[PDB]
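Descriptive analysis of the structure
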Amino acid sequence: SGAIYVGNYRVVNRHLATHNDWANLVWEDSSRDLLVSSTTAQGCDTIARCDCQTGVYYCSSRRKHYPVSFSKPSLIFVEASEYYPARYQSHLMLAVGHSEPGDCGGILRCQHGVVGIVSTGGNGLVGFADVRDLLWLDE
Ligand SMILES: COc1ccc(Cl)cc1CC(=O)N1CCC[C@H](C(N)=O)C1
Ligand SMILES: [Zn+2]
């Protein structure tokens with residue numbers, strides 16, 4: 001579990017969304033695993049606008065923060081599950097590090113702010129869904 005709160009928006013994993021997230025829907029995308037909904041209060045998370053390839057992420061299964069090197073956003077094959085069948089997920093970044101299914105929602109950060117959230121993992125690797133291209137979140 002985990003979400004990003006910026007201004008009047010809430011950013012969550014599409015497969016972990018609630019009934020209140022769908023009733024106050026702004027934008028959704030299956031191939032990215034993302035969902036955005038509206039909120040009454042004003043959030044204070046700073047979203048980064050950069051080309052960084054190193055940062056720090058939170059891992060709830062270990063209760064630790066870990067520094068990692070990661071790849072550029074691209075299409076990567078994701079195996080079948082109970083939420084989505086076998087497909088290619090777009091805007092995905094990979095890193096070497098520990099990960100478990102309950103860790104989806106953990107925030108990735110750099111010196112400029114928020115980069116993305118935990119989405120995929122396994123075999124000793126970890127995947128992050130990028131949010132730096134969505135300029136409408138700041139306006
Ligand atoms: C961080 O999640 C994991 C970590 C380790 C392992 Cl063995 C497995 C997982 C779970 C995982 O990758 N998915 C199941 C939920 C939907 C995800 C998606 N974005 O399509 C894919
Ligand atoms: Zn940066």
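The residue numbering used throughout counts from 1 along each chain in the order its sequence is written. It may not match the entry numbering, and residues with no coordinates are not shown. Chains and ligands are labelled by the order in which they are written, letters from A for the one and numbers from 1 for the other. Calculation of side-chain values draws on the structure's entire complement of heavy atoms; hydrogens and water are dropped beforehand.

- Looking at the entry header, you'll see X-ray crystallography listed as the method and 2.221 Å as the resolution.

**Examining the coordination of the zinc ion (ligand 2)**
- Distances from the zinc ion (ligand 2) to its protein donors, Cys50 (SG), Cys52 (SG), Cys110 (SG) and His112 (ND1), fall at 1.9 to 2.6 Å.
- Listed donors are limited to N, O and S atoms within 2.8 Å of the metal, widened to 3.2 Å for Na, K and Ca; water is not among them, so incomplete-looking sites are possible. Irregular is the default label, applied whenever a site is not tetrahedral (four donors, all angles between 85 and 135 degrees) and neither square planar nor octahedral (four or six donors, opposite donors over 155 degrees apart, all other angles between 65 and 115). Geometry at the zinc ion (ligand 2) is tetrahedral, judged from its 4 donor atoms and the angles of 101 to 125 degrees they form at the metal.
- Every donor residue of the zinc ion (ligand 2) comes from the same chain, spaced as C-x1-C-x57-C-x1-H. Here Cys52, found in the loop between β3 (34-44) and β4 (54-59), pairs with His112, found in the loop between β8 (107-110) and β9 (113-122); they are 60 residues apart in sequence, far enough to count as distant. In this description a helix means any DSSP run of H or I spanning at least four residues, a strand means any run of E spanning at least two, and both kinds are numbered starting from the N terminus.

**Notes on the side chain of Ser119**
- On the secondary structure map, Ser119 appears in strand β9.
- A residue is classified by how much of its surface remains accessible, and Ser119, at 8% relative accessible area, is buried.
- Should any heavy atoms of two residues lie within 4.5 Å, those residues are considered in contact. Contact partners of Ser119, with chain neighbours within four places excluded, come to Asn13, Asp33, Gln89, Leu92, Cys104, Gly127 and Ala129. With a 1.4 Å probe rolled over the protein chains alone, any residue whose accessible area is under 20% of its type maximum counts as buried; one over 50% counts as exposed, and the rest are partly exposed.

**Some points on a nonpolar patch on the surface**
- What goes into a patch is any residue over 30% in relative accessible area without a salt bridge, connected to like charges within 9 Å or, for nonpolar side chains (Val, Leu, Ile, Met, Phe, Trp, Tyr), within 5 Å. Each accessible area is a Shrake-Rupley estimate made with a 1.4 Å probe; only the visible protein chains count as cover when residues are assessed. A side-chain nitrogen of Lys or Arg and a carboxyl oxygen of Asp or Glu constitute a salt bridge if their distance falls within 4 Å. A contiguous nonpolar patch, built from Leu75, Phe77 and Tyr88 and spanning about 370 Å² of accessible area, is present on the exposed surface.
- The exposure class assigned to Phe77 is partly exposed, which follows from its relative accessible area of 47%.

**A short note on the domain arrangement of the protein chain**
- Boundary definitions for the domains trace back to an automatic or database domain assignment. Here the protein chain is partitioned into domain 1 (3-44) and domain 2 (45-139).
- Taking the mean C-alpha position of each, domain 1 and domain 2 sit 16 Å from one another.
- Opposite the 20 residues of domain 1 that make contact, domain 2 presents 24 residues.
- Summed over both partners, buried area is the accessible surface (1.4 Å probe) that two parts give up on being assembled. Where domain 1 abuts domain 2, roughly 1900 Å² becomes buried across the two surfaces, and 59% of that area is made up of carbon and sulfur atoms.
- Its largest share of buried area at the contact with domain 2, domain 1 owes to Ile4, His15 and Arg32, together 35% of the area lost on that side.
- The tally of links between domain 1 and domain 2 comes to 1 salt bridge.
- The partner of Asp133 in a salt bridge is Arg32, and the shortest N-O contact between them spans 2.9 Å.
- Of all the secondary-structure elements, those providing two or more residues to the side of domain 1 that touches domain 2 are β1 (4-13), β2 (25-29) and β3.
- Considering every element that reaches the side of domain 1 that touches domain 2, the biggest residue donor is β1, with 6 residues.
- Only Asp, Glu, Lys and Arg are considered charged, only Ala, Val, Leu, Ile, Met, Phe, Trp, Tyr, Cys and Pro nonpolar, and every remaining residue, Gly among them, polar. Among the residues forming the side of domain 1 that touches domain 2, the class breakdown is 12 nonpolar, 5 polar and 3 charged.

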